[PDB]
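In what follows, a structure is listed as structure tokens, so that the remarks can point back to it.
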Amino acid sequence: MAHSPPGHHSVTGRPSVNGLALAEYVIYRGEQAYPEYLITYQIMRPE
Amino acid sequence: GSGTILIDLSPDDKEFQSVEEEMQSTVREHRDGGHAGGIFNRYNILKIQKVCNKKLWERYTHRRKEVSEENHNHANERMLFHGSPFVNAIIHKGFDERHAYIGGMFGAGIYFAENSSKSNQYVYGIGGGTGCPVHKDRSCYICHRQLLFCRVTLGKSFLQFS
Ligand SMILES: CC(C)(C)c1ccc(-c2nc3c(NC(=O)[C@H](O)CO)cccc3c(=O)[nH]2)cc1
Ligand SMILES: [Zn+2]
């Protein structure tokens, strides 16, 4: 486990090139997330 | 006996429906053409369960208050997706450093996505691993998959352009 950047609690990875992409995030303490919903699914073949 | 119970939600539940909506509406195409996580535009949602665990919840809210008070009373709390082969450990034991990616872009931490289809790429491991256990198919349309939709405290987030 690394440490957050000093004086920070996480890192936002901003989408830079991909126009349609949304952000990705990183935390360095597992206590900063709680798993609220467990989702069971299938990907669907396009028609 | 981990303390964790899973409450099954009904498809009629307002709470099932808004979670499903967030799952479906944040699907996107990926620059690998579907290589890690498969080729799809939408999901078949089969089940949504609430994860209830009093210890892990108190562990989360205790850290939230720490972060909040270090950031003008602003936890910066989001709902984000997490896909991992360890989802079953995570829901029973909670998140810790075994769920961090030591080799990640932004360091050895735990990664979450706003795009459900992005988390979908790590359901079977780094890069989609070898795909589903049964068919070894990263684009399996048969085998059931699981994602977590999680409550995340970001606090003061370091902005990284990329
Ligand atoms: C190493 C083990 C424990 C197998 C692992 C690795 C990655 C993920 C995982 N990674 C994500 C991610 N990761 C990256 O963008 C790059 O891997 C960083 O270099 C971005 C967005 C979302 C996720 C996400 O939901 N899960 C889960 C587990
Ligand atoms: Zn399969």
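FYI, it's all coordinate maths here, none of it is from the lab. Virtual Cβ from ideal backbone geometry, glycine too; neighbours counted across all protein chains shown.
Computed from backbone phi, the HN-Hα couplings of segment B:7-14 come to 8, 5, 9, 6, x, 6, 6, 4 Hz, rounded to whole numbers (Karplus: 6.51 cos²θ - 1.76 cosθ + 1.60, θ = phi - 60°; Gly and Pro given as x).
Taking each of B:65/B:156; B:54/B:93; B:50/B:93; B:14/B:50; B:54/B:118 in turn, the alpha-carbon distance tops 21 angstrom for B:54/B:118. Take the Kirkwood radius over Cα pairs of chain A, plug it into Stokes-Einstein at 37 °C and 0.692 mPa s, and you get 233 µm²/s for translational diffusion.
Cα-based radius of gyration for segment B:1-100, normalised by 2.2 N^0.38 Å, reads 1.30. Neighbouring Cβ atoms from other chains, within 10 Å of the Cβ of residues in B:30-36, number 1 on average. Pairs of Cα atoms nearer than 8 Å and 6+ residues apart set the relative contact order; for chain B it is 30 percent.
Within segment B:65-162, all pairs of alpha-carbon atoms sorted by distance into 10 Å bins from zero give the percentages 14, 41, 32, 9, 3, 0. The string of couplings for segment B:143-152 from the Karplus curve (6.51, -1.76, 1.60, θ = phi - 60°) is 6, 6, 10, 10, 10, 9, 10, 10, 8, 10 Hz, one whole number per residue in order, with x for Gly and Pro.
Considering every pair of different Cα atoms, what Kirkwood radius, in Å, is found for the protein assembly as shown?
Working: mean 1/r = 0.0574 Å⁻¹.
Hydrodynamic radius (Kirkwood, Cα pairs) of the protein assembly as shown is 17.4 Å.
Helix B:54-69 and the longest principal axis of the C-alpha atoms of chain B enclose an angle of approximately 60°. The packing ranking, built from the mean of other Cβ atoms within 10 Å per residue, places the peptides B:109-116, B:52-59 in the order B:109-116, B:52-59, highest first. Other protein chain C-beta atoms within 10 Å of residue C-beta, averaged over A:11-17: 6. Per-residue shielding of B:39-52, expressed as the average number of other chain Cβ atoms within 10 Å of the residue Cβ, stands at 4.
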